[PDB]
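The sequence shown maps to residues 4 to 23, 26 to 78, 84 to 420 in PDB author numbering.
Below: the structure, in structure tokens.
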Amino acid sequence: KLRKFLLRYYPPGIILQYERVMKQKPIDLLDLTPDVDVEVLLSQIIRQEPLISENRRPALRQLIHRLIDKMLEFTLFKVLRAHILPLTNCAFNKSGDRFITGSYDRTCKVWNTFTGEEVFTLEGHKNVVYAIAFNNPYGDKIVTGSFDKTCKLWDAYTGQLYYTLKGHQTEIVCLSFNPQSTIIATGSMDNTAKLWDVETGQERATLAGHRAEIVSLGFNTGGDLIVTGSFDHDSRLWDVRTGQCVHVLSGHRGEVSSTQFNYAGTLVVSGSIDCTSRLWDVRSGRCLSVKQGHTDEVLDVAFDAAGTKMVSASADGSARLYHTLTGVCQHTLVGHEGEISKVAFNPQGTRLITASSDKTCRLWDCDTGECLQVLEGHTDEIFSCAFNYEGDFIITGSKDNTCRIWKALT
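Given below as structure tokens:
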């Protein structure tokens, strides 16, 4: 029995709240353009969904109009010295009103991005805290992965330590909660990933098979599958419930640097030190596309929120921006004097930011490829840049051990 409709803007969608206890069932409108014929779309929504009856069509119509009206619509907010010893990572929560930092001082700090207050100092690790993450629709739990082979689970509101996850034989170098925040994944330099249960802390599975370090992780939107990128030149698709590898995605002639699912969960993009990015079919595990044109290592790959466009960042100082379905290269973004470590789309998929070793983060227009803004102020390389969920705030992390928060015009 349907109880509520909720609008999702990034990527477009409509969430179905029911009574049966509350799950939410999503209507994903990934290919929504402003010129959509609304009645055909409304008709197939009511047809596809047995919980949506004909009488809800007027409500459905106004929701879709708000989504269309939303497609028809940066200054320094704060500088914060996070640590004295090397800053390794930084990450927003969903809203952006909190961010976490990890360091060579074996801590993860929780920061109030409005006030600059260091809310908590998470201590107990005995080596570099290298990877950190929020359970980031919710933001109430924090996972820290360290070179002391261990991963810690914390409460973001009390600072309290829930669990210490032991089992890896070597440094932990990447991690992620799943979307439902029920399972933690840690990838290590012992060539394995491990899945852990958040409520019990007990290890749930070990994902073995890679022949070298796991540099990259990622769950799909449904928490159904997980991809791992590895120095053995492969990425692997794993089923989170069985614990088994479903596909080995080979084609990279060099170690994988980055991996990511599209929102639909039907594609993976990997970038690699062999100067290429690759597009894979999840269903069959085959390579749909090899994307060259970069002259130096590809360091980061991203889809936009909907997955209609994809971008690759390289050591050649450029970002190449493609259209996912056709594969056409729309723009090559030149301008950075250094290598490009990180790239992100805004939630609306209309602009793009890049973090570079030239101590600069640039804002680009996806339609024209013009550099809209050059974000300056860091005194060393920028290793990171990310938007909050709405795109009004950006966080850059640098090797100057400083975080800079940027805010969009009001």
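By construction, the Cβ of each residue, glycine as well, lies at the ideal position given by its N, Cα and C atoms.
- Annotated three-state conformation of residue 59 is helix, per DSSP.
- Of all C-beta pairs linking the region 263 to 274 to the region 310 to 329, three or more are shorter than 8 Å, placing the two stretches in contact.
- Inclusion of residue 379 and residue 393 in the CB contact set at 8 Å is not warranted, their separation being larger than that value.
- One alpha carbon belongs to residue 401, the other to residue 86, and they sit about 14 Å apart.
- If you ignore the 5 residues before and after residue 276, its C-beta comes within less than 6 Å of the C-beta of 292, all in its own chain and listed in chain order.
- With contacts defined as CB atoms closer than 8 Å, residue 366 and residue 386 fail to qualify as a contacting pair.
- In the DSSP assignment, residue 292 falls outside any beta strand (DSSP E), carrying neither H nor E.
- Burial check for residue 181: the Cβ neighbour count within 10 Å reaches 16 or more, so the residue is buried.
- Counting of Cβ neighbours within 10 angstroms places residue 16 among the buried residues, the total reaching 16 or more.
- Per DSSP, the beta bridge partners of residue 31 are 18.
- The C-alpha of residue 118 lies about 10 Å from the C-alpha of residue 98.
- Under the three-pair Cβ rule at 8 Å, the region 183 to 196 counts as touching the region 227 to 237.
- Counting the other CB atoms within 10 Å of its CB gives residue 325 a total of 16 or more, which places it among the buried residues.
- Taken in chain order, the whole beta strand (DSSP E) runs of length 3 or more contained in the region 362 to 392 are 370 to 375 and 381 to 386.
- Annotation for residue 23: no residue places its beta carbon closer than 6 Å to its own, counting only its chain and skipping 5 residues before and after.
- The alpha-carbon of residue 224 is positioned some 44 Å away from that of residue 57.
- The three-state reading of DSSP puts residue 340 in strand, counting E and B together.
- With fewer than 16 other Cβ atoms inside 10 Å of its own Cβ, residue 382 counts as exposed.
- For residue 44, the three-state secondary structure derived from DSSP is helix.
- The three-state reading of DSSP puts residue 94 in coil, since its state is none of H, G, I, E or B.
- Distance check between residue 310 and each of 284, 251, 50 and 294 places 284 closest, using alpha-carbon atoms only.
- In this structure, residue 239 lies near residue 266, with their beta-carbon atoms less than 8 Å apart.
- Straight-line spacing of the CA atoms in residue 120 and residue 109 works out to 6 Å.
- According to the DSSP assignment, residue 187 belongs to the beta strand (DSSP E) that extends over 182 to 187.
- Non-local beta-carbon contacts of residue 327 in its own chain, meaning distances under 6 Å to residues more than five positions away in sequence, involve 346 in chain order.
- For residue 76 and residue 232, the gap between their C-alpha atoms comes out near 25 Å.
- A residue is called buried when at least 16 other Cβ atoms come within 10 angstroms of its Cβ; residue 398 meets this threshold and is buried.
- Counting other Cβ atoms within 10 Å of its Cβ, residue 357 reaches 16 or more and is therefore classed as buried.
- Taken through DSSP and simplified to helix, strand or coil, residue 257 comes out as strand.
- In the structure shown, the three-state DSSP call for residue 283 is coil.
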